[PDB]
């Protein structure tokens, strides 16, 4: 609905979570080769909470076989790596986050991944994204 990209081994797309729809424009350059990618994740938005303690709950399914909740932290609260960690509720966020990975072997098929963004200090949901991956 929001974004779409294609790679040699994956097609990637997302929409907002059905019952949580706070705006975020997010994009990766290049599109993700699951076997191995280097690039930037572009993110533009106005967060609804302080990013000081930002982390993600990730809910993954592979062909309807679901993974345990994967908790991934981005801002720990002390000398964080990223510019956005310091952003407050209401403040505009516009940045390019680099990334790299060497690539595991993934079952071919249909992946679902809802990505909930949490402000770890208040436990409030900031935004939620519903990802579709075809590998």
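Positions refer to the first chain, counted from 1. By rigid core we mean the largest C-alpha set that fits within 1.5 Å across both forms.
**Request:** Name the stretch that deviates more in 5 other deposited structures of this protein: 120-128, or 6-14? Use RMS CA distance to the shown form, core superposed.
**Result:** Checking 120-128 against 6-14 in 5 other deposited structures of this protein, I find the farther stretch is 6-14.
**Request:** May I ask which stretch, 30-38 or 103-111, sits farther from the shown form in 5 other deposited structures of this protein once every structure is superposed on the core, judging by RMS CA distance?
**Result:** It is 103-111 whose C-alphas lie farther from the shown form in 5 other deposited structures of this protein.
**Request:** Look up the CA B-factors in the entry and say which stretch, 15-23 or 113-121, has the higher mean.
**Result:** Comparing averages over the C-alpha atoms only gives 15-23.
**Residue, from 98, 77, 68, 90, that the PDB entry assigns the highest Cα B-factor** = The C-alpha B-factor peaks, among 98, 77, 68, 90, at 90.
**Asked** Per the entry, which of 41, 51, 31, 58 tops the list for Cα B factor?
**Response** In the PDB entry, the greatest C-alpha B-factor among 41, 51, 31, 58 is found at 31.
**Message:** Using only modelled residues of the chain, where does the Cα B factor of residue 73 rank: lowest third, middle third or highest third?
**Reply:** Answer is lowest: the recorded C-alpha B-factor places it there.
**Request:** Could you look up the Cα B-factor of residue 85 in the entry and say which third of the chain it sits in: lowest, middle or highest?
**Result:** Answer is lowest: the recorded C-alpha B-factor places it there.
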